[PDB]
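Heavy-atom basis, side chains included; hydrogens, waters and symmetry copies ignored. To find a chain, count down the sequence lines: A is the first, B the second, and so on, and within it residues start at 1.
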Amino acid sequence: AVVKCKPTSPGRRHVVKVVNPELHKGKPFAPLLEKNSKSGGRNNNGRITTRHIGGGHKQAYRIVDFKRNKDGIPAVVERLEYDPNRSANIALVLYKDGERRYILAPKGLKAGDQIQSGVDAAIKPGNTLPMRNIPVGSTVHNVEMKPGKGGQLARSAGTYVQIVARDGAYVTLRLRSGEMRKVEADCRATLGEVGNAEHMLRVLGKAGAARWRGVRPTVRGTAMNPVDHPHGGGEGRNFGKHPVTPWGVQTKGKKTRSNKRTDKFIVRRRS
Amino acid sequence: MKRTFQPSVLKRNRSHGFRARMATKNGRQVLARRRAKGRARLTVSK
Amino acid sequence: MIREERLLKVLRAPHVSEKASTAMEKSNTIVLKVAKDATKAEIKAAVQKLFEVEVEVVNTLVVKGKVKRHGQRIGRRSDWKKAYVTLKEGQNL
RNA sequence: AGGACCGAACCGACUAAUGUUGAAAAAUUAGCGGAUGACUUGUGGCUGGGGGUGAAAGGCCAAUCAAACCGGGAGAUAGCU
RNA sequence: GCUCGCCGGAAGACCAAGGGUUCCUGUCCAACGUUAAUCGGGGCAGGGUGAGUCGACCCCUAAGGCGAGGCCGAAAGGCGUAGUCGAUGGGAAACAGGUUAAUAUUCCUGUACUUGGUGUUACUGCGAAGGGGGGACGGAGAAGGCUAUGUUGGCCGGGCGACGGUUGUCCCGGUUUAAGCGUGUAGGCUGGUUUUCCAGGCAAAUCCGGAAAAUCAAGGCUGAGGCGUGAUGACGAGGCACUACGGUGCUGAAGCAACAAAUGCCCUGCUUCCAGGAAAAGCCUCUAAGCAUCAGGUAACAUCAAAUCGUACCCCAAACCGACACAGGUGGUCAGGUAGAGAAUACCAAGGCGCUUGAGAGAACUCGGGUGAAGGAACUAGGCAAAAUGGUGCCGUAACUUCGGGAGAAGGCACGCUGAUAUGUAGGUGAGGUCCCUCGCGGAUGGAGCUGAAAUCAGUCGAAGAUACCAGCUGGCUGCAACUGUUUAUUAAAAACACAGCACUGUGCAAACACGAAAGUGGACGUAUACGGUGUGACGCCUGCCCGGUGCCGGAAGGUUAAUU
Ligand SMILES: [Mg+2]
Ligand SMILES: [Mg+2]
Ligand SMILES: [Mg+2]
Ligand SMILES: [Mg+2]
Ligand SMILES: [Mg+2]
Ligand SMILES: [Mg+2]
Ligand SMILES: [Mg+2]
Ligand SMILES: [Mg+2]
Ligand SMILES: [Mg+2]
Ligand SMILES: [Mg+2]
Ligand SMILES: [Mg+2]
Ligand SMILES: [Mg+2]
Ligand SMILES: [Mg+2]
Ligand SMILES: [Mg+2]
Ligand SMILES: [Mg+2]
Ligand SMILES: [Mg+2]
Ligand SMILES: [Mg+2]
Ligand SMILES: [Mg+2]
Ligand SMILES: [Mg+2]
Ligand SMILES: [Mg+2]
Ligand SMILES: [Mg+2]
Ligand SMILES: [Mg+2]
Ligand SMILES: [Mg+2]
Ligand SMILES: [Mg+2]
Ligand SMILES: [Mg+2]
Ligand SMILES: [Mg+2]
Ligand SMILES: [Mg+2]
Ligand SMILES: [Mg+2]
Ligand SMILES: [Mg+2]
Ligand SMILES: [Mg+2]
Ligand SMILES: [Mg+2]
Ligand SMILES: [Mg+2]
Ligand SMILES: [Mg+2]
Ligand SMILES: [Mg+2]
Ligand SMILES: [Mg+2]
Ligand SMILES: [Mg+2]
Ligand SMILES: [Mg+2]
Ligand SMILES: [Mg+2]
Ligand SMILES: [Mg+2]
Ligand SMILES: [Mg+2]
Ligand SMILES: [Mg+2]
Ligand SMILES: [Mg+2]
Ligand SMILES: [Mg+2]
Ligand SMILES: [Mg+2]
Ligand SMILES: [Mg+2]
Ligand SMILES: [Mg+2]
Ligand SMILES: [Mg+2]
Ligand SMILES: [Mg+2]
Ligand SMILES: [Mg+2]
Ligand SMILES: [Mg+2]
Ligand SMILES: [Mg+2]
Ligand SMILES: [Mg+2]
Ligand SMILES: [Mg+2]
C-alpha cells in the first residue's frame with residue numbers, strides 16, 4: 001500500500017512510502033547470501049566511469065534463480081521477502097525434494113501457492129515453460145534470450161512481456177519499452193506480471209532518501225566553467241549552445257545505437 | 001593548525017621502502033641513480 | 001642436546017650492578033651477558049653444564065645501545081642481551 | 001517517528017576587537033551555526049598532471065594550481081632593462 | 001617548611017600513534033634555557049626495560065596488492081585464473097598483595113587457568129582438497145534486574161580544643177579484599193523424543209533439508225548479578241623503636257547494614273522501522289578414497305613444552321605534527337563531593353601546578369574591564385560595539401497556514417528561610433515474623449527500618465529570594481531562495497551549488513555511456529517501474545504564438561560526388 005506521511009518536519013512533508021505487511025519481517029535465508037562490496041562507479045583502473053554513484057546502505061546479495069531449470073518437481077511458496085538489490089520482491093520457494101530457491105515474486109503470489117517448471121507445467125502465474133508451450137497473447141516475465149542462459153527481460157517491478165505472434169522457430173515479443181522483438185521459441189518464460197507494481201508510486205521526499213540508495217548529487221553542466229564542460233562559462237545565466245553530453249555528443253534526440261550483429265531480431269523500434 | 005606531514009611508519013615503508021623501490025623498474029632506476037651518486041641511505045626503509 | 005660449541009659460545013660475561021647484587025642476594029638469581037641470538041634454552045643448558053649448578057628458569061631482555069658523541073662524532077654502542085637466570089634455591093654460586 | 005526542537009562534547013566559521021617585523025606564514029577573546037545525520041572520526045586502501053577529484057569556488061591535488069613537484073632538452077629565446 | 005593563589009570531564013591518570021634514552025643516580029655550568037642559576041628534557045659517566053596468560057609473531061580473512069599458466073600489448077608493460085599477501089575485524093589461557101632510585105598482570109608470595117606433544121591403562125570406526133551447522137553482524141526506542149560508585153547509620157581508634165560554648169543530636173579518621181571453583185538466579189531463545197521413507201546438499205553420509213507416524217508434554221541452549229569458597233590469609237587507622245632525618249623494622253582494633261545509583265553489565269537480549277544491515281578460519285557434525293584384531297579417536301592419569309621480538313620515558317605535550325622550551329593541531333579509556341537536568345557552570349577531593357626576566361613609579365596615549373548626573377540613536381553608510389532579555393511551574397497567546405505549525409508568539413503571577421498539616425506526608429525500597437509449595441537464589445502475607453518530593457496555611461528577614469556562575473531581546477512591513485545541507489583551506493557562506501519533484505532525450509543487454517592501442521573493467525551479478533545525459537528546481541495556479549535561421553530526426557525522385565576501374 002502507499003501511505004502519505006504527515007508533515008511533522010520539512011523532510012517528511014513530501015515522503016510517500018510503499019509498505020507491504022506481507023513481507024517477511026525477519027532475516028533472509030543465510031545459505032543463499034553473498035557479499036557485494038560497493039564500486040563507487042570506479043573500474044579496475046580506479047577511475048570513475050559512471051558518475052553519481054557512491055555510499056548508500058550496506059547490502060547483501062540474494063542469489064536468485066533466473067534459470068528455473070528444475071523440471072518436474074513441484075514447489076510451494078514459503079514467504080515473500082524484501083530484496084535490497086532490486087526493485088521487485090523475491091520469494092522463498094521450497095521444492096518437494098527439500099531444496100530451497102529464490103525466485104522473482106509475480107503479481108498475485110502468496111505463501112502456500114504452488115509453482116512448476118517444465119514443458120508440461122500448468123499455465124498459471126509463477127510457472128515457467130518454454131514459449132512454444134505458452135499460448136499466444138499471454139503475459140510473461142523473466143524472459144530468456146538464449147535457451148538455458150537465464151531470464152533477462154521483464155525483470156523490474158511491474159514489468160511484463162506479451163507474446164504477440166508465433167511463426168517457425170522464433171516467437172515475437174512486445175517489450176515493455178514498446179519495440180517488437182524476435183526470440184527463439186525454446187527460451188523459457190514465467191507466466192504473469194512481476195509484482196510490487198506500486199514501486200513507482202513512491203516519493204523520496206528529501207535529498208537524504210536519495211543518498212541512502214547510493215546516488216550522489218548531479219551538477220548541471222551550465223553551472224561550471226568551460227574548462228570542464230562544453231556548457232560552461234558566461235556572466236550570469238548564459239547558454240547559447242546546442243545541448244551535449246560532458247564529452248561533446250549532442251544529447252537531445254541523437255540516436256546512438258550501433259549493433260549490426262543483433263539488428264536482425266528487431267521487428268520494430270520502440271518508437 | 002593541522003600540518004601536512006602526519007608520520008606513520010607503515011605508510012612510509014609501503015610508499016618509499018626498499019621493497020617498494022624494487023617492485024618496479026622505475027624504482028630500480030631510482031636505486032641505481034642513488035647508488036651512482038653515493039648516498040649513504042638508499043631508501044627510508046631503515 | 002645442544003652441542004658443546006653453542007654452550008661454550010653463548011655465555012659472555014657476568015653482569016655487575018646494584019640490581020644484580022640485590023637479585024643474587026635475595027632471589028638466587030645471577031645476571032649474565034649472553035650472545036645476542038642465545039635462546040633461554042641455550043642459556044639454561046650452558047649455565048647448567050659450564051657452572052655445575054641447577055637452574056629453575058631464565059628471563060631475557062635486549063639492552064639497546066646508547067647514542068654517544070666522541071667530540072662531535074656521532075657514535076652508537078652495540079645492543080646486547082641480558083639474562084636473569086634463577087637457580088633452585090640450593091646452589092649459592 | 002522525525003535530514004524535528006533547546007543545549008555541552010564534537011564538527012564548523014557569521015560579527016566585532018586585538019594581533020599585522022603576531023604567541024600564530026590565518027590565531028586569540030566575546031558573541032555565533034549544526035549538533036541521530038546528506039553527521040563526525042581513527043586505521044588501511046584506490047584514482048596522477050592536459051591527468052585525477054570537485055553538492056562547481058577554476059576549488060583542491062603536501063604552506064605551490066587557468067595546468068603540481070623533481071630532473072633533463074638548456075647556456076630555450078629576449079628587436080627589452 | 002609554613003602560608004597564599006590556579007586546574008580539577010583537567011592544567012589529574014592511563015592506552016594507541018609518533019619519537020628514541022628525553023627515564024634514575026653522581027658530577028659540571030664553557031655553550032643551550034629569551035634574565036641569574038647551585039637548577040634542567042643541557043654536558044660527561046654509570047645504571048635501568050625480566051611474560052606460556054599483555055602486545056607482536058602465529059591461524060583466518062575485508063578493501064586492496066602481487067600474481068604460475070593465460071589473454072592482450074612496438075619494447076617497456078597492462079589485466080587476470082589457480083594461488084599468495086594484506087587489519088582498522090574473527091581466533092586459547094592470570095588475578096590479588098608486596099618489592100626498585102629507576103620494571104612489573106613480566107620479579108617474590110598466595111591462589112589459578114590454556115593449548116600441544118609424549119608414555120601407561122581402559123573402551124572403541126578413524127579418516128578430507130569435500131557436505132551441513134556455527135562463527136555471523138543495521139538504525140532507533142523502552143522497560144526490568146544489577147554492579148561500579150556515593151551518602152547515611154552502626155562499629156572500632158583517637159579527641160574534649162589559642163576566643164564565648166562544646167561528655168554530646170559533638171569532632172576527626174578507618175570500615176578494603178580479586179581471578180579461579182561451586183551454585184545457575186532476575187531474565188531471553190526454542191516443543192522434546194523414537195522410528196520409517198526421500199528427484200536435494202557435484203559422489204556418498206548415520207549429518208543438514210523434506211515427508212509421514214506414534215509418544216511425552218516439560219526437555220534443551222543462553223544468562224548479569226547475588227551467595228559459599230578463595231580468605232583462621234592479605235590489607236588495614238594507628239602504635240612502639242630507630243634514624244643515614246628520605247624513610248626502615250615489628251605489631252595491629254572494627255572491617256557491618258540500609259538507602260541512592262550509572263552513559264557501565266544482563267544485552268549479539270526485547271520492541272519497532274526501512275535505507276534491509278562483512279568475509280573466512282578456529283569450533284561442532286558427517287562421511288569419500290584409504291586403513292582395517294596396525295594406526296587413529298575418546299577418557300583418566302603422569303611427565304615434558306609454550307620459542308623469538310617489544311616492555312625504560314613523553315604521550316592534548318617543553319619529548320609527536322608546527323624551523324622555537326611556539327597561546328595552534330593530535331584517536332581512545334577512567335569519571336569523586338556540594339549545588340545543578342546535566343560530561344554546562346561555581347567551589348572543592350585524589351592528583352597536579354603558579355605558565356624561565358624581575359623591581360619601582362602610578363604622565364599622555366593604547367589594550368581588557370567597572371560605574372555614571374540629565375537626555376536616550378540626536379551617532380553612524382548601518383544601533384557597528386555596548387546595553388538589555390534570559391530559569392521552573394501555572395495562566396494566556398493574533399494575522400496567516402501546506403492544518404504539522406506560527407508559538408517559548410506577545411504578556412502576566414508565584415519563587416528565600418521557619419513551623420504546621422505530617423515528632424517526615426504522597427510515593428519508593430523493604431527486614432524480622434505467619435503460612436504454603438515444584439525445597440530453593442522459592443511463592444502469598446506482613447509491615448519494622450531506611451529514603452522521601454510536590455502542595456496548602458501561618459510566620460518572618462532584606463532595597464532586592466529564577467539574588468552569585470549559568471541563562472531567548474521582542475514586534476510590524478517587504479525582496480530573494482521552498483526547506484535540512486554545500487562552497488572560494490588562507491579578504492566573498494550568499495540570491496551562488498546541491499536538493500526531493502518535473503520534463504526531454506538516449507539505451508533491448510555482449511545495452512547506451514565511460515576508463516582503456518588491446519585484453520578487459522564499471523554500468524550491473526542490475527534488465528525499460530532500469531540505467532545514462534541535459535535543462536528546470538518543494539508546493540499551488542500555470543507554462544501562450546513562431547520550424548524562416550542553426551541544430552537534431554526521418555526520406556531518397558533528381559543534381560553533384562572519393563578511393564577504385
Ligand atoms: Mg546519473
Ligand atoms: Mg536530478
Ligand atoms: Mg561559477
Ligand atoms: Mg570546451
Ligand atoms: Mg547578464
Ligand atoms: Mg543571447
Ligand atoms: Mg630525513
Ligand atoms: Mg620478553
Ligand atoms: Mg536536528
Ligand atoms: Mg570547511
Ligand atoms: Mg570561538
Ligand atoms: Mg536549527
Ligand atoms: Mg542545537
Ligand atoms: Mg569566475
Ligand atoms: Mg596548496
Ligand atoms: Mg601548460
Ligand atoms: Mg637545444
Ligand atoms: Mg639564459
Ligand atoms: Mg643525551
Ligand atoms: Mg655563570
Ligand atoms: Mg644564562
Ligand atoms: Mg628528569
Ligand atoms: Mg640530562
Ligand atoms: Mg614467570
Ligand atoms: Mg584477492
Ligand atoms: Mg595483476
Ligand atoms: Mg606470466
Ligand atoms: Mg594468509
Ligand atoms: Mg588487528
Ligand atoms: Mg615508572
Ligand atoms: Mg553496591
Ligand atoms: Mg549516549
Ligand atoms: Mg611503563
Ligand atoms: Mg617557557
Ligand atoms: Mg604547545
Ligand atoms: Mg579532533
Ligand atoms: Mg568546567
Ligand atoms: Mg593606569
Ligand atoms: Mg580604559
Ligand atoms: Mg560598563
Ligand atoms: Mg547616563
Ligand atoms: Mg540616570
Ligand atoms: Mg525612553
Ligand atoms: Mg540619524
Ligand atoms: Mg549626522
Ligand atoms: Mg551587536
Ligand atoms: Mg553584554
Ligand atoms: Mg516554605
Ligand atoms: Mg524594492
Ligand atoms: Mg536556501
Ligand atoms: Mg575564504
Ligand atoms: Mg567568510
Ligand atoms: Mg560487459
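Distances shown here put a side-chain N or O of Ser39(A) below 4.0 Å from the OP1 or OP2 atom of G523(E). Look at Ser37(A) and you won't find any side-chain N or O under 4.0 angstrom from OP1 or OP2 of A278(E).
Ranked by how close their nearest RNA chain D nucleotide is to the 5' end, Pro10(A) and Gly46(A) are led by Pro10(A). Of the residues near RNA chain D, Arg47(A) and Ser9(A), the one whose nearest nucleotide (by heavy atom distance) lies more toward the 5' end is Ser9(A).
Taking 3.5 Å as the upper bound for both contacts, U488(E) does not pair with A253(E) in Watson-Crick or G-U wobble fashion. Pairing check for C95(E) against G110(E): the two satisfy the Watson-Crick or G-U wobble geometry, each of the two atom distances being under 3.5 Å. A canonical Watson-Crick pair (purine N1 to pyrimidine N3 plus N6-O4 or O6-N4) or a G-U wobble (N1-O2 and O6-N3), each contact under 3.5 Å, is present between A530(E) and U507(E). Nucleotides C4(E) and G535(E) fail to qualify as a pair under the Watson-Crick or G-U wobble definition, as the contacts are not both shorter than 3.5 Å. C497(E) and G485(E) are base-paired, meeting the Watson-Crick or G-U wobble geometry with both donor-acceptor distances under 3.5 Å. Pairing check for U536(E) against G551(E): the two fail the Watson-Crick or G-U wobble geometry, since the two atom distances are not both under 3.5 Å. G249(E) and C240(E) are base-paired, meeting the Watson-Crick or G-U wobble geometry with both donor-acceptor distances under 3.5 Å. By the Watson-Crick or G-U wobble test, with both distances required under 3.5 Å, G522(E) and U543(E) do not count as a base pair.
By the 5.5 Å and 30° criteria, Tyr95(A) is not stacked with the base of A199(E). Both thresholds, 5.5 Å between centres and 30° between ring planes, are met by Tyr61(A) relative to the base of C525(E), so the two rings are stacked.
Residues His24(A) and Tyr82(A) keep their aromatic ring centres 6.0 Å or farther apart.
Out of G276(E), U49(E), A26(D), the shortest distance to the side chain of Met1(B) is found at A26(D).
Summarising the geometry, the separation between CD on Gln152(A) and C1' on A524(E) is reported as 12 Å, rounded to the nearest angstrom. In this structure, CZ of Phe5(B) is placed 16 Å from P of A17(E), rounded to the nearest angstrom. Straight-line distance from the NE2 atom of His52(A) to the P atom of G533(E): 5 Å, rounded to whole Å.
With its glycosidic angle more than 90° from 0, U285(E) is assigned anti.
Here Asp228(A) lies in heavy-atom contact (under 4.0 Å) with a base.
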